[PDB]
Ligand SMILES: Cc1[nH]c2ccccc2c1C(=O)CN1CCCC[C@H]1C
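Single chain ahead, written as structure tokens, the form deposited without the named molecule.
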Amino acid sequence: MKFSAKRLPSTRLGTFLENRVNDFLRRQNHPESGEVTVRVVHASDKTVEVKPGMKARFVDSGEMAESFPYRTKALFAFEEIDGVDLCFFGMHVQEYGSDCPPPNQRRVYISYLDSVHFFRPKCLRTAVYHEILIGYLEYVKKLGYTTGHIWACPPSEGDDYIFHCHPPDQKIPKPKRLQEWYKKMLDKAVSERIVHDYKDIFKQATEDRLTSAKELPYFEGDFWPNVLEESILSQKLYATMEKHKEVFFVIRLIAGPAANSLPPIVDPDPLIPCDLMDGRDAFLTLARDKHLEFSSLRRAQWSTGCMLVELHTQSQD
């Protein structure tokens, strides 16, 4: 292969995740399984500027910063089936480091999560996604991020997160499974002493004695900005946090004393400037354009190829 998944530029994140997976796979000793290559394909710096009315209430009065500088990263899992690569799992993340003011100091928030259900074998499918996610929650806990945040949100019909045109027979999870599927992922992270504990947003906030909306983390296109702005008031937020708690996790990686003695986070990985994988829209555009689909396996093997072709010559700029 001239343009293969492996032959993409490596990173310390990319190598850390693909290790834990092949480590997990090799011990399972299923003969159908194959090599999983994990790559970071976009890393850049960004901010999430506070919205007009939250701004007016707290930013203008001095009590809150006007924006929060995070690093965005896009990363993809590729299996080798029939001796050809298959992009099976993508993930977009916001990383708010130590130099970020509160209340985004040392937090990761997963922008987006997606899959194409042709990972082999299909019994290890869900298991492998869990490794990639615990592997990311482990990686960042070691760099020294205290808290992770997940919006447990299933996709809508007629719209896709990352991959254009999913398999017709790959069913979307109903809210209650997706919640159980994350709880499934986390309870395993807890047993490996990676996660200290996790809580729904309401319980976390009930136990952190939050008395102001400026204390609630403020992520890019997360639910809670839109709620606070549509609210324009602490009660209103305790109503909404309570009603929706089950969808919004707070994953504590570093706890108690060890959280206050932290040296500053230093991401060792360099920035990967990539036009295509800057947010979800530009990649969905290219796939729509060039008639690409992840509908069938052979179609998905086609698409990963034309995805990599485009990636290797946009890096070469």
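In case it trips you up, residue 1 is the first one in the sequence shown, and so on.
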Residues of the deposited sequence left unbuilt between residue 233 and residue 232: 10 or more
Per the entry, higher mean C-alpha B factor between 137-145 and 151-159: 151-159
Residue range whose averaged C-alpha B-factor is higher in the record, 163-171 or 209-217: 163-171
Of the residues 251, 48, 265, 286, the one carrying the largest Cα B-factor as recorded: 286
Selection by C-alpha B-factor (highest) of 52, 69, 34, 62: 34
Record-listed C-alpha B factor of residue 192: chain third: middle
Chain third (lowest, middle, highest) by recorded CA B-factor, residue given as residue 122: highest
Residue 180, C-alpha B-factor rank within chain (lowest, middle or highest third): middle
Entry-reported Cα temperature factor of residue 81, expressed as the chain third it lands in: highest
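We do not show the form deposited with the named molecule bound, though everything after this point is about it.
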The named molecule: the contacting residue among 145, 118, 136, 151 in the bound PDB entry [heavy atom, 4.5 Å]: 151
Stretch in contact in the bound PDB entry with the named molecule, which is absent here, among 137-145, 105-113, 79-87, 189-197 (heavy atoms within 4.5 Å): 105-113
4.5 Å heavy atom contact, residue 101 and the named molecule in the bound PDB entry: no
Contact label in the bound PDB entry: residue 220 to the named molecule, heavy atom within 4.5 Å: yes
Residues within stretch 34-49 having a non-hydrogen atom within 4.5 Å of the named molecule in the bound PDB entry: none
